[PDB]
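[1] Sequence first, structure after; it's an experimental one.
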Amino acid sequence: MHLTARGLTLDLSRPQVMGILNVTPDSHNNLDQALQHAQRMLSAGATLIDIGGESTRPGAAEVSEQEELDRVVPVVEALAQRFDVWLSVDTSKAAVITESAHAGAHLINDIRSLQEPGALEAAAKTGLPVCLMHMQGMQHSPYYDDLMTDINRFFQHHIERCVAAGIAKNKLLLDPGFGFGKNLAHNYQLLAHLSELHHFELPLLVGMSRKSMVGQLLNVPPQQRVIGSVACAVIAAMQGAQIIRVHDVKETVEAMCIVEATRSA
Amino acid sequence: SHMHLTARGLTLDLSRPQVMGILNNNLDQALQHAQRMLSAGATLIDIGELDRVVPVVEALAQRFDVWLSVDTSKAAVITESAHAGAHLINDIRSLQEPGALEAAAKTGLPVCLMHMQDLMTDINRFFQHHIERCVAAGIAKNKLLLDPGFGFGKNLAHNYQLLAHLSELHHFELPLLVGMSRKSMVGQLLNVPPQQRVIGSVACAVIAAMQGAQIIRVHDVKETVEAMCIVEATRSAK
Ligand SMILES: Nc1nc(O)c2nc(CNc3ccc(C(=O)O)cc3)cnc2n1
Ligand SMILES: Nc1nc(O)c2nc(CNc3ccc(C(=O)O)cc3)cnc2n1
């Protein structure tokens, strides 16, 4: 319905687009490029920017606290001084949660739902809203007896593990984790039954943008997955997903306009 | 009700969303246009003065193996194009032109009705009324297709009121064809020229198909077909 952070509120009356700002290889300072990209997504109509410096697509190895901080935390500083936008950090490290909060992050986006050591206490201590992600968890054929029950149970579990650590239930966001331990069938069943997760009375955030769930249906490169990614965005928005995490902000934002105009007539 | 449609000895499976490419030596450039749409993923090609000898239906009939539809109102243009080898008749003015009602009955190919000026009530009763005529003077019910006529004597508000309530029209147990591609209902929201109206047209199309609309009439075939897989995959998981 709304979000609260660092004095600012965000409107979940209508679907909100989050621009992915990855900071791994930028390809002219690397910060400069990040800032230009951020800028371009704001213009386009994102009202949140997700800053990630973790090569979290399967394989490709891992990252250490010190390396993530150096890559992530400057851009957090830079954007915060520069623009008025919800800034989100996708990280699982207590240190990156800590230092990014000081830097002016508005939202903690954790694909590991604070499972990492002290992450939970670091998160709680910032008083900032947290997004939790269903993951099935290392190379394994995903399987569920019943996918939605499993997602419902996972969230139930982690909402409580958060509410006991001191994070108000209304700091919490839920993301069912498209493409995380989910085959193609699973992803579309989850898309299909998305509206069901509205029962926790928390906002939903979803990320389908240029994922293999579009690639494997349309058999195209990531940069040619714009339309399908958008079509996913439209299907989720019609089921009342509050926040859409995307690469292609301009297209998606236009798309949400049609959705909102349709949800108003 | 799982659906299919048969015409001129050919079958069109309507249990999933179908994309119909709009169409408008210059005859070579049109024939080249069709091919692009065919390879994009069209399964119907909608071909749009007193005399316009359209041998393009003839060209396409002969050239390809794909549904051919024509949006036309006049009593002559319907029959001659069947001679050519068409599969479907698309009329905006729902056969109001003298003769056409009967002219389209002697050719034995599918027909498409289109609404033209409580908004939904008005449309429904209008439709119900007009379906009565077609059974009354020649053509059996399972040969009719229903177009709501987006942007035809309709306010922006209203068009979105329509799109929102589109699922309701499945109570006549006839297939729907919608046309919203690069229309004013999109342009006035997004404040952009037609070429840049792709994404908004595709967004309408998804919203239409999520509501079981079986045929979508588009300028932007590749994008729309792409979008209908995402839609079909979603509806198949259900
Ligand atoms: N909240 C949130 N939600 C996500 O969905 C997400 N995804 C990634 C990147 N993850 C993936 C996963 C799978 C795939 C594929 O199968 O292609 C691609 C990218 C990073 N942060 C994320 N954060
Ligand atoms: N089956 C079918 N269904 C249509 O909806 C359609 N529309 C047109 C073109 N009609 C319009 C009407 C309004 C507008 C605008 O307001 O922009 C644009 C085009 C031509 N053939 C059509 N055929």
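    Cool, the structure landed. Numbers count the residues shown, from 1 in each chain, chains lettered A, B, ... in the order given. Ligands and ions are numbered 1, 2, ... in the order given.
[2] dump the residue contacts of residue A:100.
    Residues near residue A:100 by Cβ atoms under 8 Å, 6 or more residues apart in numbering or on different chains: A:72-73, A:76, A:89, A:91, A:108. All C-beta atoms are positioned from the backbone trio N, CA, C, and that covers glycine.
[3] before we move on, what about residue A:81?
    Per Cβ under 8 Å, 6+ apart, neighbours of residue A:81: residue A:104.
[4] Now do the buried residues in the strand or helix carrying it.
    When elements are assigned from DSSP states H and E, residue A:81 belongs to helix A:65-82. Buried residues in helix A:65-82, counted by 16 or more other Cβ atoms under 10 Å in any protein chain shown: A:68-69, A:71-73, A:75-80.
[5] Equivalent analysis for stretch A:258-265, please.
    In stretch A:258-265, counting by 16+ other Cβ under 10 Å, buried: A:258-259, A:261-263, A:265.
[6] That stretch vs chain B: in contact?
    Yes. Judged by Cβ under 8 Å from any Cβ of the partner chain, stretch A:258-265 and chain B are in contact via A:258-259, A:261-265.
[7] do the same with stretch A:225-239
    Yes. Looking at stretch A:225-239 against chain B by Cβ under 8 Å from any Cβ, the contacts come from A:227-228, A:230-232, A:234-235, A:238.
[8] who's in contact with the closest residue to ligand 2 within the stretch 1-150 of chain A?
    Nearest residue of the stretch 1-150 of chain A to ligand 2 (Cβ to the nearest ligand atom) works out as residue A:45 at 23.9 Å. The contact partners of residue A:45, taken as Cβ under 8 Å, 6+ apart, are A:17, A:249-250, A:253.
[9] Please identify which pair of those lies farthest apart.
    A:17 and A:250 (9.4 Å; Cβ to Cβ).
[10] Which one's more surrounded, the two?
    residue A:17 (24 against 18; other Cβ atoms under 10 Å in any protein chain shown).
[11] hang on, the earlier thing: same list, the residues of stretch A:258-265 next to chain B, but as a markdown table with distance to ligand 2 please.
    Listed next are those as a markdown table, based on distance: Cβ to the nearest ligand atom, whole Å:
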| residue | distance to ligand 2 |
| --- | --- |
| A:258 | 15 |
| A:259 | 20 |
| A:261 | 15 |
| A:262 | 17 |
| A:263 | 22 |
| A:264 | 20 |
| A:265 | 16 |
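[12] what number of residues lie near residue A:252?
    30.
[13] one step back: which of the residues of stretch A:258-265 next to chain B fall within helices?
    A:258-259, A:261-262 (DSSP state H).
[14] what about residue A:117, neighbour count?
    10.
[15] coming back round to it: got the buried residues of helix A:65-82 as a markdown table, with distance to ligand 1 columns?
    Shown next, in a markdown table, are the buried residues of helix A:65-82 (distance: Cβ to the nearest ligand atom, whole Å):
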| residue | distance to ligand 1 |
| --- | --- |
| A:68 | 14 |
| A:69 | 18 |
| A:71 | 15 |
| A:72 | 13 |
| A:73 | 18 |
| A:75 | 16 |
| A:76 | 16 |
| A:77 | 21 |
| A:78 | 21 |
| A:79 | 18 |
| A:80 | 20 |
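[16] related to what we said a few turns ago, closest to ligand 1 among the contacts of residue A:45?
    residue A:17 (13.4 Å).
[17] check contacts around the closest one.
    A:45-48, A:243-244, A:246, A:249, A:252-253, A:256.
[18] Tell me the buried residues within those.
    A:45-48, A:243-244, A:246, A:249, A:252-253, A:256.
[19] So which of those belong to strands?
    A:48, A:243-244, A:246 (DSSP state E).
[20] Need these in a markdown table (columns: distance to ligand 2).
    A markdown table is the format used below for those (distance: Cβ to the nearest ligand atom, whole Å):
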| residue | distance to ligand 2 |
| --- | --- |
| A:48 | 34 |
| A:243 | 32 |
| A:244 | 28 |
| A:246 | 28 |
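[21] quick one: which of the residues you listed is nearest to ligand 1?
    The closest of these, once distances to ligand 1 are taken by Cβ to the nearest ligand atom, is residue A:243, at 8.8 Å.
[22] Show me what from the stretch 1-150 of chain A comes close to ligand 1.
    Applying Cβ under 6 Å from any ligand atom, one finds that the stretch 1-150 of chain A approaches ligand 1 through A:56-57, A:90, A:109, A:111, A:131, A:133.
[23] Taking these together, which two end up most distant?
    Maximum distance among these (Cβ to Cβ): 18.6 Å, for A:57 and A:131.
[24] just checking, what's the longest strand in chain A?
    strand A:16-22.
[25] when you scan stretch A:191-199, is anything in it near chain B?
    Yes. Against chain B, stretch A:191-199 shows contacts by Cβ under 8 Å from any Cβ at A:191-193.
[26] end to end, how far does that stretch reach?
    Stretch A:191-199 has an end-to-end distance of 16 Å (Cα to Cα, to the nearest Å).
[27] Show me what it is in contact with.
    Under Cβ under 8 Å, 6+ apart, the answer for stretch A:191-199 is A:148, A:151-152, A:155, A:174, A:176, A:178, A:204, A:206, A:208, A:232, A:235-236, A:239-241, B:234-235, B:237-238.
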